[PDB]
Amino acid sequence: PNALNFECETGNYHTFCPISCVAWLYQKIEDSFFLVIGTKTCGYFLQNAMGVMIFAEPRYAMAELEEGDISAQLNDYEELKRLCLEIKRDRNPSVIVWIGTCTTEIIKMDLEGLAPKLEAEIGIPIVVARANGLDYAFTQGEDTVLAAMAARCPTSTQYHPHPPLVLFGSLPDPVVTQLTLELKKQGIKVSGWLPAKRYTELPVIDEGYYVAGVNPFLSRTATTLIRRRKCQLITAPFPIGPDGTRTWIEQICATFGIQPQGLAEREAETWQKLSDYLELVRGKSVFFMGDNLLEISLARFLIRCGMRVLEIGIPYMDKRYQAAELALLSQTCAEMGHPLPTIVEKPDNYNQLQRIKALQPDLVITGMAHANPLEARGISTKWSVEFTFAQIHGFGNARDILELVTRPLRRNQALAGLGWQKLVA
């Protein structure tokens, strides 16, 4: 009867530049090539953030700008031509994706303008995604790539009647199969997915189709599907956790006027198989320093699991796009008699470390910048990025989420009775 509380801080926090989306998206779109137009600053980030994948001949490179590029002593269109040609020679990609960068913004480089021209001359589709640290955080990178992709989707030219549904959000193939085959049990067809395995497989999207988000950070992509493609958006909580997954399905079926057949049981069965992780998770506190936009829906899951969430930090909050996920959180807070947590947008990591110090939470969810300094101070931590690449969607993956959240809890058990938890310099 008193609702969630939303706050907003300085935006001074740690998170991965959105250009990181090249790392999983090139892995996802098999015939793509991601060219990031940027500096050595950007190159250094990706070389280090993508760890071992940088030694797997990735389909990614920096177009590293010289001083001559900044002053226009070198012609930008000519520069892009010479090296987009190198790419076509050595990789024969089916799409080149340009990642616009802070530098390209500040010096105003008309990528959106140069692309359609260069495309024609060269034979290859060029997709521009202005995914920079000026404007966006981490997983928001994928949102700016997928919005841009949505414009490239072709047009029109046992299941129930329902109109074409197309889902959007890059996920590992095993998790597509699992989710697609989850709706197949309800008699819902997945006409396609926005990013498919190959750029050449982008789904048809005609005026009248339905779309649904599978990840919380896909605002722009959703906005685009509605406005530019003319689709109906099923707003629903995201299938992260078994509560998430069932609500997600129930809401799809409801949009289509279907009674969800046989899944109260499918949920309980999933929860039952988590008895041992729930014993550990029960009663303990969590603190989400925000960084990847999964936080509203992980918090909501972890409250149903029996945890106390002390703060939900978030880079950016789309109340329109998350709407249903936010409704499920508040309702979950009521059903578990948990006081409504506060959602901190654009948080101040510094301040947050003071709050953590005051609260002594059992679990801080956070970046590698703060984890070891925290552990050394006796605060247990779980590094947040792993949530973005572990499989966490659908019924079969609720275990995975908990393996993640309990990991530091298990290491605590295994190492108990050895007085050195708080050992700083």
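Heads up: residue numbers just count along the shown sequence, starting at 1.
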- Message: Missing residues between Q259 and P260 in the deposited sequence, please: none, 1 to 3, 4 to 9, or 10 or more.
- Response: none
- Stretch with higher mean Cα temperature factor, 5 to 13 vs 19 to 27, is 5 to 13
- Task: Determine, for stretches 205 to 213 and 126 to 134, which one has the higher mean CA B-factor as deposited.
- Result: 205 to 213
- By the entry's C-alpha temperature factors, tell me which of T221, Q158, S297, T139 sits highest. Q158
- Among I252, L74, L80, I96, which residue carries the highest C-alpha B-factor recorded in the PDB entry? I252
- Task: Taking the chain's C-alpha temperature factors as the reference, tell me which third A414 falls into: lowest, middle or highest.
- Result: middle
- Quick one: classify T103 as lowest, middle or highest third of the chain based on its Cα B-factor. lowest
- Item | Entry-reported Cα temperature factor of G290, expressed as the chain third it lands in | lowest
- Chain third (lowest, middle, highest) by recorded CA B-factor, residue given as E279: highest
- What third of its chain's C-alpha B-factors does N349 belong to: lowest, middle or highest? lowest
